[PDB]
Each structure stands twice: as C-alpha cells, then as structure tokens.
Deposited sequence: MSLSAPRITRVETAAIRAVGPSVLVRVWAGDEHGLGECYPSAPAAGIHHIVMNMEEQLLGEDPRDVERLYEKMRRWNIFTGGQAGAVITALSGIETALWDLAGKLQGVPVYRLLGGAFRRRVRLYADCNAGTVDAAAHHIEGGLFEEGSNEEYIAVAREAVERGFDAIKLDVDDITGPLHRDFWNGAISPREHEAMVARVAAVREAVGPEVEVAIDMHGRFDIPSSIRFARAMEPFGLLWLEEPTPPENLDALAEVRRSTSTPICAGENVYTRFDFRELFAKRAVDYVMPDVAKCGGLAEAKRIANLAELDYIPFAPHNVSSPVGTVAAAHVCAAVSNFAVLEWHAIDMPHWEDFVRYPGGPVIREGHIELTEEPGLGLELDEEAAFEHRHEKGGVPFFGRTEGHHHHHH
C-alpha cells in the first residue's frame, strides 16, 4: 500500500516523567516512550525537531531511518545522550508502526523469538530520592530504613518475583564526610554491608539480589566494598565507580570475585563496543528507551553474546517502554532479566491496555502474538496522569 510518515507528536506522562512519542502513517500510528531524562521539555523539542527527516518516509525501514536521524545529529550531539534518548522513543514508535502496518509482532521484525515469556526483577526503595538518585528522605544513618527495605523485598517475592535490586548509597547522608570525593568512611562502610546482610537473611538464598552503588565512589572504596560483597553471592554489584572511565570499572571487576554490572549510562553501540573490549563487566544493562531503541539494543546484546556476557536491560518506564524491551529480550539468546521499578507505583498498569489483562504476571511478562508491540495506550488514563512545558498532542 506504500505507507508514508504523516505526523509526529509528543506528550509527557508522569511515571518514575517520561515522554511519549506518536508517529503517524496516515490513519496508522506507532507508540514510543523516552527514558525520563533531563527536562521533558528538552526531549520534546529534540523529538519534534526530528520530524522533517521523518515526514514522507516509509516506516518499514526503521534501521535506515535510525541511521538517518542519528547521522543528522553528528554535529549536534548525536554521540551524546539526550539527542539519543530522544531518538530511542521515535525508533520505538517506528518499530510499533512497522509491526502493525505489516501485521506482525515487533519481535518477528527482530529475528523471531527465542522465548515468549520474559522474567523480571524488582527494585526496592527506601525513602524518597531526587533526580541525582540521592535520598532526601531516608539513608544509611537512619532508623527503620533497613526494615523498610526488607519489607519491600518481602512484598516483591510475594508478588511473584525471585530477583530483587536495591541501592546502598547515601552521599548526602550524615555518615558521609565529603560530597566531592568518592571516599567511604569506616563507619559508612559497615553500615552498607549491614543493609545488605539484613536483606540477604530476610529473603534467604535462592533469591537473586543485585545491589546498586549509583557510581559515586573512588577506586579504593569500590574495591574495599566489593571484596566485602563476596561472601554474599550477589547477582551483581552495579556501577561501583563513575560512568565516565571504563578502565576504572575494569580495574574493579578485575579485583574481586563479585560480578560487576553496568550499561545504564553508556549510549551507542560503539560505546558498548569499547566497554566489552576492556572486559569491563560480567553483565550488561543498557536502557532501550534511553540508548537508541530496540534495534540499537539488539546489536549491543549481540556484541555481548560473542563473549558469553548476559543481557539484562535497564528499564524504568511505563508499560510501553517496558514492553518495547520485552520484545528485544525475546529475540536475544543471551537475555537474563528485565528491570521493573514499579512495585511502588499502583497506577502503573492503568497507562495501557494489554491483551491478557495485566502486563506483568507471576513475575514475568507474557508477550503475545498480536501485531507490533501489541499495546494500546489508554488516553484518558494517560491524560489523568499527564505531567503538567510539553503539550498533550493538542
């Protein structure tokens, strides 16, 4: 029927505040989500600014369409982050649209499906953190902070999960001497270990538990703290050091038996190419809605596959972004677990209408056979949660 790109519109929903991107091929459209990065207003204008390049194009050639917007930003931050996260949502939409247009589920456009049910892992939060992921409410030198954690974990296993994840950082805490260096104090140190030890005993073994450090610390601290984690048999220790020098991560990884994980803050495929080269990790966790979309993500997984490195994507978006990734995780032979950060957000599922009923069930996500992404945004619901600048389509 020779379809063509007709219009591209955005919208900002409040979740974990992500931006939705809709791409129309006449009466048809695809839906995309953009990792909640920097200001939503920003992603917005970046995405809309990509419309010219899109208009009049054929949706079925998404990979080509990707390289197009990507190379068009070479001199305007196309290696960057925001510009790419903005591209992540568009690409998803295109994938959604292409699948529906040809009438096939996205994963069949990614090489088929190695599996049809994807397993997840749930995050467990303490108080209230800010944009920099710092605890405004709660912390190491707190009180029922640990119990608060153990509780969330319990509910997580209860709700059907067998993989949990929690952070152990607090830089704006009283237990931290200086904000600028990455040093951990003797006392600050053992306080962390205890937080870990506690949850480990509560959940007992046979329950995968990963720990996040939000890349705040220095070489010595990271190393010290990592050896400490060894007797706990963690699924992994996330970003011990700052995301900018991968050589440091490698040095840390190389220093202990505890497995290392990162990827959340590395963008293009070219960058993971370097991450892998430095043998910097045991597990890779890129974010589909943030790194460049499903296509980019599959590649990254393919690269890791050559080294027998497990693929466990980072995900902190609505049911949309989450399903986008589910599709990727299904066409990748070396997938491990997909992240879920919504144990604390009751309305999460109201953002979309999924076939079976809920998206998540028994700790997994059961992908269907419907055409492309197989979703349906509930517009009144989404509006009921719209972030309030980024216009809601109209």
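Peer 1: Relative to the deposited sequence, which regions have no modelled C-alpha positions in the structure?
Peer 2: Going by the record, the segments left unmodelled (no C-alpha atoms) fall at 1-3, 20, 393-394, 401-410.
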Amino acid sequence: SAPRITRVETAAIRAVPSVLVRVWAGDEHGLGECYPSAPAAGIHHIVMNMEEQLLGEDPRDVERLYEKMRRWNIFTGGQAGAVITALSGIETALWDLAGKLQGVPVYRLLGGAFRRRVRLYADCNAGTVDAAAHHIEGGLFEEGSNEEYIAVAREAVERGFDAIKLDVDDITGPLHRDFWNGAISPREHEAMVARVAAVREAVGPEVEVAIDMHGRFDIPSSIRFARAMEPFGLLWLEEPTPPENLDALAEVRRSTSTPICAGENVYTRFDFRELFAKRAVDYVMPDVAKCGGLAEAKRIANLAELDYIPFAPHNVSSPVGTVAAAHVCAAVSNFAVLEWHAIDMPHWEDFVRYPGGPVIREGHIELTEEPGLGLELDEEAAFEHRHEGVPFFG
From here on, numbers count along this sequence of modelled residues.
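Peer 1: Mean CA temperature factor from the deposited coordinates, higher in 253-261 or in 114-122?
Peer 2: For C-alpha atoms only, the mean B-factor is higher in 114-122.
Peer 1: Once you work out the mean C-alpha B-factor for both 130-138 and 225-233 from the entry, which is higher?
Peer 2: Averaged over C-alpha atoms, the B-factors run higher in 130-138.
Peer 1: Tell me which of 369, 67, 61, 339 tops the list for C-alpha B factor in the record.
Peer 2: Spelled out: the listed residue with the top C-alpha B-factor is 369.
Peer 1: Say you rank 302, 73, 145, 85 by Cα B-factor from the PDB entry; which sits at the top?
Peer 2: Max CA B-factor in the entry, restricted to 302, 73, 145, 85: 145.
Peer 1: Against its chain's modelled residues, does residue 273's Cα B factor rank lowest, middle or highest third?
Peer 2: Its C-alpha B-factor belongs to the lowest third of this chain's values.
Peer 1: Classify residue 176 as lowest, middle or highest third according to the C-alpha B-factor given in the PDB entry, relative to its own chain.
Peer 2: Highest third.
Peer 1: Looking at the temperature factor on the CA atom of residue 170, which third of the chain's modelled residues does it land in?
Peer 2: Highest third of the chain for residue 170's C-alpha B-factor.
Peer 1: Once the chain's modelled residues are ordered by C-alpha B factor and cut into thirds, is residue 335 in the lowest, middle or highest one?
Peer 2: Bottom third by C-alpha B-factor.
Peer 1: Ordered by C-alpha B-factor within the chain, which third holds residue 352? Give me lowest, middle or highest, please.
Peer 2: CA B-factor rank for residue 352: highest third.
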